[PDB]
């Protein structure tokens, strides 16, 4: 058996994350100050007699500064009041902000709030083209539409062209904020990534900045960063003691990138256990993926697939030595999860993730069979298999394991492939297929998504990519609609799914692959989130 040649770049991080010793004095000092700043900020939110515009700008600022997770109740009460008073008498910037904040929080505010800014034709009044703050908030708002918001169909094009036109002559930091928004809208960005940018590049440089909020935002970001570094060290240790880097040398060494992904799903301190569980699963399914993609023979992958379905340590002997390694590691990981969830009486939920992993592996094997046969399925058949191979049903399920408040009913809802989950999975599938089409085509993978699309509909590569882009836009509208009240489960269990879609958009930004090639996209984010603190 002549295996393929090892082609993955080594981890670019070395051991720089392996050992992090927290300074308790600094941590305790930060925590104590934050407690005081947190109360000052609460009183700012609860101030009586504030105008609508000032209230919305305060909430927006606290959200972008990344400290809104301290004020979920206060912010919810205030937006709920604004939603129910149905105030509809403002300029474009307050109106667009009002619409975006309410929708992001699941309040189904009517899009008719935008009619007064449009002509008879439903097109935005071009006279608004010189109101840069209106255009900027309209722009951000355009990304939260559902299928019921066709009144906003023109908003992205309109605001984009006039923001591009205005940008070079804007003062700083507004210019940098506009320029940044045109590359990465807020609603589809990774929250920590956008927070780090806003704090350091924008709010820190605003003439009108509130000093209490800025100091609060920097201390809190740097304090949470200490936690993230501890987690990453603990996970780096775990990965090192498995030593796949030498026993399974065909496989990508990407535990830092995997941690960044888990950090994108949730950054808050109460999700520490959930993050560590999640990153271990992303790491491990990545190994399995490389086993199917870049090492195993058809015969070996069959045995591996069947062994996974039966899920029993008895089965290791049917496997080649090198597969014994990952298989025992997989089984042990899930035994660890059960043990770690035992004191909370939540061990029994691990089976939900196990069943999703089995599904991923079944579909991995189908994908291998297709490649070997030179099969090009129709799109419907392609999708029936390739949606699960995104791993996104599996990761979403995994993200619930460490969430203390996730119940059996939450897992039951997720097992039915709800619409919002399906949309998130679709976004991952079509964006990766658009970005990795050329490579996969070079490797002979004739069952890749865009190829299936071209052959099925009889259209060009360009037209197929346009069709996949439409699928992503439709899926984003479904995600946005999936967040609207009443939600089928607590919003706490929707946000991970939204954040999985965001991570996709951020990792494949401008359409190149970012996990297998972390040098382009992910490296700067990892440095800004997990290496450099924000200077105070």
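Heads up, when I say rigid core I mean the largest set of C-alphas that superpose within 1.5 Å between the two forms. Positions refer to the first chain, counted from 1.
- In a rigid core superposition of the other structures in 7 other deposited structures of this protein, 421 to 429 and 82 to 90 differ in how far their CA atoms stray, and the farther one is 82 to 90.
- Stretch comparison, 437 to 445 versus 309 to 317: after rigid core superposition, larger RMS CA deviation in 7 other deposited structures of this protein is found for 437 to 445.
- As recorded in the PDB entry, 27 to 35 is the stretch of 485 to 493 and 27 to 35 with the greater mean C-alpha temperature factor.
- Two stretches are in play, 191 to 199 and 223 to 231, and the higher mean C-alpha B-factor belongs to 223 to 231.
- Annotation for 86, 417, 390, 110: 86 ranks highest, by Cα B-factor.
- Which of 475, 62, 498, 50 has the largest Cα B-factor in the deposited entry comes down to 50.
- The PDB entry assigns residue 124 a C-alpha temperature factor belonging to the middle third of its chain's modelled residues.
- In this PDB entry, the Cα temperature factor of residue 377 sits in the middle third of its chain's modelled residues.
- Residue 40 sits in the middle third of its chain by CA B factor, as recorded in the PDB entry.
- Looking at the C-alpha B-factors along this chain, the one for residue 130 belongs to the middle third.
- Ranked by C-alpha B-factor against the other modelled residues of its chain, residue 502 falls in the lowest third.
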